[PDB]
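> What follows is a single structure, and I will ask about it in a moment.
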Amino acid sequence: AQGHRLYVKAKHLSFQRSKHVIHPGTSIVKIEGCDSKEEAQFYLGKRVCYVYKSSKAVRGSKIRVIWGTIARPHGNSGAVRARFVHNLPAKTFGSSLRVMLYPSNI
Amino acid sequence: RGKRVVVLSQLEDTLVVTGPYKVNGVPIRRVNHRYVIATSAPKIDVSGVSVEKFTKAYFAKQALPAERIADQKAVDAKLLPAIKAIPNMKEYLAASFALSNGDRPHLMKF
Amino acid sequence: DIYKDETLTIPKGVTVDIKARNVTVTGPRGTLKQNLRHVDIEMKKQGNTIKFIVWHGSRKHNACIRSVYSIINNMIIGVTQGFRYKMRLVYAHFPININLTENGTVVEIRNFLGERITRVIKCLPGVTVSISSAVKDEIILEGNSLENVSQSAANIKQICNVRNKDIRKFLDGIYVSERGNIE
Amino acid sequence: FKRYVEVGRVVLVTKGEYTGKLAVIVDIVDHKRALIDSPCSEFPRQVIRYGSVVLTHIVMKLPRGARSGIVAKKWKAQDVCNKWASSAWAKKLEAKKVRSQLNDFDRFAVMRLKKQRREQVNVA
Amino acid sequence: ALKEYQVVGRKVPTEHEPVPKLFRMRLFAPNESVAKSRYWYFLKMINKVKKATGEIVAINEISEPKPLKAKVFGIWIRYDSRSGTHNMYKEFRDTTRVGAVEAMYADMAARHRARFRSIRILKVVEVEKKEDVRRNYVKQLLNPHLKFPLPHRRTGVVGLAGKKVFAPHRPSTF
Amino acid sequence: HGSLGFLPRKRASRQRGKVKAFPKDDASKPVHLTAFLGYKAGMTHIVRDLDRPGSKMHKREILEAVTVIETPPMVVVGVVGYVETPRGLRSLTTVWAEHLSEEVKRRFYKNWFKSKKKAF
Amino acid sequence: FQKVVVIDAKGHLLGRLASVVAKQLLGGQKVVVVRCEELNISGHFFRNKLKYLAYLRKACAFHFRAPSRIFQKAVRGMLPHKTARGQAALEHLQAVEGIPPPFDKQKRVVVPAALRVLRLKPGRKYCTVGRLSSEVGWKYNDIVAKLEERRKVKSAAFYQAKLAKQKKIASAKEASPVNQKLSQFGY
RNA sequence: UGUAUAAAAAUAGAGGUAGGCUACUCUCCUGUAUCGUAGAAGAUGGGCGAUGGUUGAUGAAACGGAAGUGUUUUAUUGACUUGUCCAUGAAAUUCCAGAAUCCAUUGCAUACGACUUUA
RNA sequence: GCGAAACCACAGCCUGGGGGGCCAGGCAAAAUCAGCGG
RNA sequence: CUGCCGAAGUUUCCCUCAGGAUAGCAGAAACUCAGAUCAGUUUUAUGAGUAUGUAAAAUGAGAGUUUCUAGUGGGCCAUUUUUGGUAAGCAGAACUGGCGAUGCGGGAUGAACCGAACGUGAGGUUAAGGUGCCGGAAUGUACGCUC
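Chains as they are written, first to last, in the entry's author numbering: chain f, 3 to 108; chain E, 66 to 127, 148 to 195; chain H, 4 to 186; chain M, 4 to 127; chain S, 2 to 175; chain B, 11 to 130; chain O, 4 to 63, 71 to 197.
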């Protein structure tokens, strides 16, 4: 049963925003477990995916993935900023993400 | 993915890697140094085994021919006595790695 | 100040346990239990001394020490030899009829200044009422806790009141005579 | 209140760079600042607040304001070392600490260790 | 973070005044530059020596001679308020002379909402004798038999985790 | 205007009266009923002695208007169970009798005769 | 971060628990609160009453009175409930009275950052939401108390069976000879 | 994508320990825990050790009403039984991707709807 | 059955703050008929 | 349609009347010195009464001129004195700015408040303002006061 999951779960909190302006260019990711700004230095540079589904059966799979990279730490509590190839849609606020362990540094 | 293996030799950025084929069924392969999780398990004898017969042209695309099976078997022959000597290594190589829940990758080391 | 200590010398009693902010004090007369969660205090029972200590406390919490000490003295004396509250009756014109029910736990008073109300008082538990035949109109209030006996005396006093009249002309009523221990 | 700030009580620092090291209160500066020291060379004497520390049960007799050498003499005489480790509280900390610097191979052996422990499940 | 600053200076010598007198001050300042500013303020309001005719001969910083030795400090100060004059004398017990003043700034701006410019430090002295101490809480803190449980029990051990939302058990806090 | 409490002045949603408030239960008392439902037929007036103590009309003759309500005996056909819950009274289950009176079967059906009488 | 979590609300502060809860809901976590009666508010009981009689005085609103409905109001003020982001975050928060059966068999976590003991100076006045609302128009104070006692009987009985069961495995744990190797690995 | 984990109570204290209402001793000071965890996505076998574990189908019996979303006692069943030790296979995926309404009737109703009847 | 005209930037829930459009709140379920305020 | 440049918002006078002005600000052409020529600047030297004016080194800048041709001569806000005032507002000038032609961040909302002057985008970093939640960012550290 537990012979999978070589990634780390996360959540797409929101866009890196001012008070009244959202900058959809870069999102905010909270990795499940990160708890400091020094902690996020490990997760910087990793690859993060947002796995969603749709009715179209492209290449025999309803499942689609939007790629992304952890870019820099955000704040003092351990959230990071991510730059995805396609800006994550505004409807995934709170949805689940996977920060896979590669590219590694150890 | 998730298959603990042993590195055979360094081939510029990529790594010529394989596990004991009798143990994990991992053929000799190239893996980028960014897709490897190096562990702190005790070192394995690799100096004695032959590694010079591995070049990027050898792995490059031109049904696997027999001698490719043979030299891997030869490499296993030079690697099996070591893993037999050190306890728990043989089954550890066979074991597959996964992240049990409630585990922090940064904290727990390798 | 950072410390404020109070000491109590335990009399005979039987047990003075402070188990879980609840003094279930048992004396030779009987057992009484009260809560102590009303204030946050350290109460240690050891030997013949009970230590009440305030640590870095304000004057508001400091004032609770002597109140608790006065409180703790009340039932421990009650459970040892008991408490008796002597009641005296004064009537101007209409004699007051007093009856005791369930061995005095409930007192009904009748014929109060011409009024025709059977004023019934269910005295609080732990206190019973008796009529003394040694002296007329003498009512004995026996209990093991002053605040309960006194409150019943206060209740019987307030229900024994005059309405819309002159106090200095009408003298009938019930009033506190004196306190004391049972023995 | 078994945890009692007393001159000479042992304390265990839980915050700051000296986290986890044992030391003993030497002098009470005030209700928010205190002076502590330890013979261990890794711990220099310093004035530490009460926010970073939790009080321990073990108390060793110690005259007020003793120098580090005298404190070291008193500690060594009173064998406080390995007396703290006698407590069941202590044994869990290094058990957590030893698990910290494990590696993957040590973790797998533990999996072998615990699996062989569970297989018995022998109950009458 | 304040520092002790022994500041010595004199006015510019001239033909009328060939040898100016070296004044000295032990005043506190977060940096060297603030020490000069407080110096000119302290002296000009008092001795009336002009800024432009003054030079400073030496700025030194005084480390606490015996920081590890607990001490009681007497601090004469002058409150400035709506009235502007109050001979207040506070006392603090701590280890470092600078640390005592920090707390005095902490208390003066907390108890009385004072401001650094408004408050001028008069004199800071050590109180070596318990008899010389005048404060009951300090006197009680100086007693031979000091003993008290660690106050604010929650502040000890606090929660002790990184981000411990949803702890699985109640905290003892005792 | 009239009373503010009786507002709104909308037509009743029930054809027949519904008892919203019932007497409090008492296990000490024996089992007894609490409500009845009959039919109002009309009214007349009656002559009755007025034995009201202390009144000026004491022990003498008074005329009082009366109403006549026919109350044929009902048929107990079932029982229901109610559970006191943090959301109020909830219906737990309901058990009935075997041979329901044919009028009751009319209640469940808006078009009894056309229906195949499949109730219960 | 489990998909569904249960927060015991006994001894938690209404305002500081809600702020923690409101954020978790916007994160997408399905948070369910239980025992909403025993919530706490800073300030003596009569004060929190008067601040509530102002709420009832404010009228055209629907002054929901049950303790769960008090907490749900508290969360609804920390969500953007006008937008479909908060309108879909409100529906995950299920606040109940006491502990319904489908949750009394689930482990209940507590928020360290909003417990009464860790956040209030000793001796400070405070009120219990359950008692307060029962004096504002709630009518189910007594029934939930009786039901909670009954569950406590079953839960306590459940522990005793489990306590003996783990004691058996506690007694048989030392029989394993690998305990020495367990000590060497610190496990 | 382990959808793993159910006393309570208090924080100026609780729990456990054996005896005859307790003496005394112990535990607490976090879950950085406890439980589960290999297998070409989990193969085929061979032994050695134990009457176990894990499940699927059950035969059920008992329990659970606060929203019973189930829990247990389990007899049963045939699998799987890494408990430990051996042999076979992976690969050029050769660097991540039955009812009701209307028509019809009634009048306890009714601006028209609607409502109460009957059919 | 026959059948208009005025009128029409866009529309239409209230409290408070700067009116119906702004800010913060309360709330928020279609389609309609009848009496009738602003 | 795009681009470039871009004000005054006021003195001066004349003037029965409305205005007319000269000047300033904005430009376009033709000509001198490679200047110690200027400067919403300060010094040097003062003289007189801490200020005041004056003439004579620092710093920056290429500074100039004659000629014509538009537009403009409103007001609002806040400071300085200020004389006249009083339940209290005020009343009056002189003076200085900014808004008037100007988006942007913050101040919940906003004509004058706090920051900041705008080609089109990328990254980095700040200002004022802030970090319980709505809401991006510590349910931070330390010392205190308040029911």
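Where is the CB? At the ideal position from N, CA and C, for every residue including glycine.
Go to residue 2 of chain f, then tell me how far its beta strand (DSSP E) extends in each direction, as first and last residue.
No answer is possible for residue 2 of chain f: the residues shown for chain f start at 3 and end at 108.
> Based on the DSSP secondary-structure assignment, which residues constitute the bridge partners of S:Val8?
On the fifth sequence, residue 8 of chain S is found 7 positions in, with the first residue counted as 1. Its beta-bridge partners are S:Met26, S:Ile60.
> Any idea what DSSP makes of O:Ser45, helix, strand or coil?
Here residue 45 of chain O refers to the residue found at position 42 of the seventh sequence. Three-state result, O:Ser45: strand.
> Name, going along the chain, the residues of the region 56 to 84 of chain H whose beta-carbon falls closer than 7 Å to a beta-carbon of chain O.
Within the region 56 to 84 of chain H, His64 place their CB atoms closer than 7 Å to a CB of chain O, listed in sequence order.
> Below 8 Å on the Cβ atoms is my contact criterion, and I expect E:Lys108 with E:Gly84 to pass it. Report the Cβ-Cβ distance as a whole number of Å.
Within the second sequence, numbered from 1, the residue matching residue 108 of chain E stands at position 43. Within the second sequence, numbered from 1, the residue matching residue 84 of chain E stands at position 19. Not confirmed; about 16 Å, so no contact.
> Among f:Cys51, f:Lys93, f:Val87, f:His76, which has the Cα closest to the Cα of f:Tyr9?
The count along the first sequence starts at 1 and reaches residue 9 of chain f at position 7. Nearest of f:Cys51, f:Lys93, f:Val87, f:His76 to f:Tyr9, Cα basis: f:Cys51.
> Is there a Cβ of chain S sitting closer than 8 Å to that of O:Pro122, yes or no?
Within the seventh sequence, numbered from 1, the residue matching residue 122 of chain O stands at position 112. At least one chain S Cβ lies under 8 Å of O:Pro122.
> Decide if the region 61 to 72 of chain B is in contact with the region 26 to 40 of chain B; the criterion is three or more beta carbon pairs, one per stretch, under 8 Å apart.
no
> Can we say the region 176 to 195 of chain E touches the region 97 to 107 of chain M, given the rule of at least three CB pairs closer than 8 Å?
yes
> Short check: CB of O:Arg95 to CB of f:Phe17, under 8 Å?
Translated into positions along the seventh sequence, residue 95 of chain O becomes position 85. Translated into positions along the first sequence, residue 17 of chain f becomes position 15. A distance of 8 Å or more separates the beta carbons of O:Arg95 and f:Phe17.
> Between residue 1 of chain H and H:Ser61, is the Cβ-Cβ spacing less than 8 Å?
The requested residue 1 of chain H does not occur in the structure, where chain H is confined to residues 4 to 186.
> Would you decide whether H:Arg171 is buried or exposed? Buried here means 16 or more other CB atoms lie within 10 Å of its CB.
The sequence position of residue 171 of chain H within the third sequence is 168, counting from 1. With fewer than 16 Cβ atoms within 10 Å of its Cβ, H:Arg171 is classed as exposed.
> Identify every residue that forms a DSSP beta bridge with residue 2 of chain f.
The displayed coordinates of chain f run from 3 to 108. Any statement about residue 2 of chain f would go beyond what the structure contains.
> Please report the straight-line C-alpha distance between B:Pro83 and B:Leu47, rounded to a whole angstrom.
Taking the sixth sequence and counting its residues from 1, one reaches residue 83 of chain B at position 73. Taking the sixth sequence and counting its residues from 1, one reaches residue 47 of chain B at position 37. Each residue's alpha carbon lies about 10 Å from the other.
> Measure the CB-CB distance between S:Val73 and S:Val125 and report whether it falls below 8 Å.
For the purposes of this step, residue 73 of chain S is identified with residue 72 of the fifth sequence, where counting begins at 1. For the purposes of this step, residue 125 of chain S is identified with residue 124 of the fifth sequence, where counting begins at 1. No; because the gap between Cβ atoms is not below 8 Å, this pair is not in contact.
> Nearest CA to the CA of H:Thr121: which residue from H:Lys54, H:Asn184, H:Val109?
For the purposes of this step, residue 121 of chain H is taken as the residue at position 118 of the third sequence. Checking every option, the nearest Cα to that of H:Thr121 belongs to H:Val109.
> How many angstroms separate the CA atom of O:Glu40 from the CA atom of O:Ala84?
Taking the seventh sequence and counting its residues from 1, the one referred to as residue 40 of chain O is at position 37. Taking the seventh sequence and counting its residues from 1, the one referred to as residue 84 of chain O is at position 74. In a straight line, the C-alpha of O:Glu40 is about 14 Å away from that of O:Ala84.
> Anyone know if the C-beta pair for E:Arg99 and f:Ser106 falls short of 8 Å?
Here residue 99 of chain E is taken as the residue at index 34 of the second sequence, counted from 1. Here residue 106 of chain f is taken as the residue at index 104 of the first sequence, counted from 1. f:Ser106 is positioned such that its CB atom lies closer than 8 Å to that of E:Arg99.
> For the region 24 to 52 of chain f, which segments carrying the alpha helix (DSSP H) assignment without a break, of at least 4 residues, lie completely within its bounds, in sequence order?
42 to 45
> For a cutoff of 8 Å on Cβ pairs, would you count O:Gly133 as touching chain H?
Mapped onto the seventh sequence, residue 133 of chain O falls at position 123. Closer than 8 Å to some Cβ of chain H, the Cβ of O:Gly133 qualifies, so yes.
> Given this structure, state the Cα-to-Cα distance separating M:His34 from S:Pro152, to the nearest angstrom.
For the purposes of this step, residue 34 of chain M is identified with residue 31 of the fourth sequence, where counting begins at 1. For the purposes of this step, residue 152 of chain S is identified with residue 151 of the fifth sequence, where counting begins at 1. So the alpha carbons of these two residues sit roughly 8 Å apart.
> Confirm, please, whether the CB-CB distance from H:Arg87 to H:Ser180 is below 8 Å.
Position 177 of the third sequence holds residue 180 of chain H. Position 84 of the third sequence holds residue 87 of chain H. No; because the gap between Cβ atoms is not below 8 Å, this pair is not in contact.
> Answer yes or no: does any C-beta atom of chain S fall closer than 8 Å to that of M:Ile73?
Position 70 of the fourth sequence, counting from 1, holds the residue named residue 73 of chain M. Judged by the 8 Å Cβ criterion, M:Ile73 is not in contact with chain S.
> Mind checking the region 158 to 175 of chain S against chain f and listing, in chain order, the residues whose C-beta falls within less than 7 Å of any C-beta there?
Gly163, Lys164
> Below 9 Å on C-beta distance, what does M:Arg6 contact in chain S?
The residue you call residue 6 of chain M lines up with position 3 of the fourth sequence. Under the 9 Å cutoff, chain S gives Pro150, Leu151, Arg154, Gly157, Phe175.
> Confirm, please, whether the CB-CB distance from O:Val34 to O:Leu103 is below 8 Å.
Along the seventh sequence, read from residue 1 onward, the residue named residue 103 of chain O stands at position 93. Along the seventh sequence, read from residue 1 onward, the residue named residue 34 of chain O stands at position 31. Yes. Within cutoff.
> Report yes or no: is there a C-beta of chain E within less than 8 Å of the C-beta of M:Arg120?
Within the fourth sequence, the letter at position 117 stands for residue 120 of chain M. At a cut-off of 8 Å between beta carbons, M:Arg120 makes no contact with chain E.
> Around the C-beta of S:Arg25, are 16 or more other C-beta atoms found within 10 angstroms, so that it is buried, or is it exposed?
The residue given as residue 25 of chain S occupies position 24 in the fifth sequence. By the 10 Å Cβ count, S:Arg25 comes out exposed.
> Nearest by alpha-carbon distance to M:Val57: which of M:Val113, M:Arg120, M:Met114, M:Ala26 is it?
As a first step, residue 57 of chain M is located in the fourth sequence; it is residue number 54 there, counting from the start. Nearest Cα to M:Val57 within the set M:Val113, M:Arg120, M:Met114, M:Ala26: M:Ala26.
> Please check if any C-beta of chain f sits within less than 8 Å of the C-beta of E:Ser112.
The sequence position of residue 112 of chain E within the second sequence is 47, counting from 1. Not closer than 8 Å to any Cβ of chain f, the Cβ of E:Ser112 fails to qualify, so no.
> Would you check if the distance between the CB atom of O:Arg129 and the CB atom of O:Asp11 is smaller than 8 Å?
Here the question's residue 129 of chain O lines up with position 119 in the seventh sequence. Here the question's residue 11 of chain O lines up with position 8 in the seventh sequence. Not closer than 8 Å, so no.
> Closest to E:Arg66 by CA distance: which of E:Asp188, E:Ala106, E:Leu184 is it?
Taking the second sequence and counting its residues from 1, one reaches residue 66 of chain E at position 1. Checked all of E:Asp188, E:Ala106, E:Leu184; the closest Cα to E:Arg66 is E:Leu184.
> I'd like the list of long-range same chain contacts for f:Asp37, defined as Cβ closer than 6 Å, with 5 residues on each side in sequence excluded.
Sequence index remark: in the first sequence, residue 37 of chain f carries index 35 (1-based). These residues qualify, in order along the chain: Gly80.
> Measure how close the beta-carbons of H:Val28 and H:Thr18 come, nearest whole angstrom, since I'm counting them as under 8 Å.
In the third sequence, residue 28 of chain H corresponds to position 25, counting from 1. In the third sequence, residue 18 of chain H corresponds to position 15, counting from 1. Indeed, because the Cβ distance is near 7 Å, the residues count as touching under 8 Å.
> Between E:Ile102, E:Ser115, E:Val70, E:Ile171, which lies nearest to E:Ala155 when the distance is taken from Cα to Cα?
Taking the second sequence and counting its residues from 1, the one referred to as residue 155 of chain E is at position 70. The option with the nearest alpha carbon to E:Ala155 is E:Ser115.
> In whole angstroms, what is the alpha-carbon distance linking B:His42 and B:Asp35?
Translated into positions along the sixth sequence, residue 42 of chain B becomes position 32. Translated into positions along the sixth sequence, residue 35 of chain B becomes position 25. B:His42 and B:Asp35: Cα-Cα distance of roughly 10 Å.
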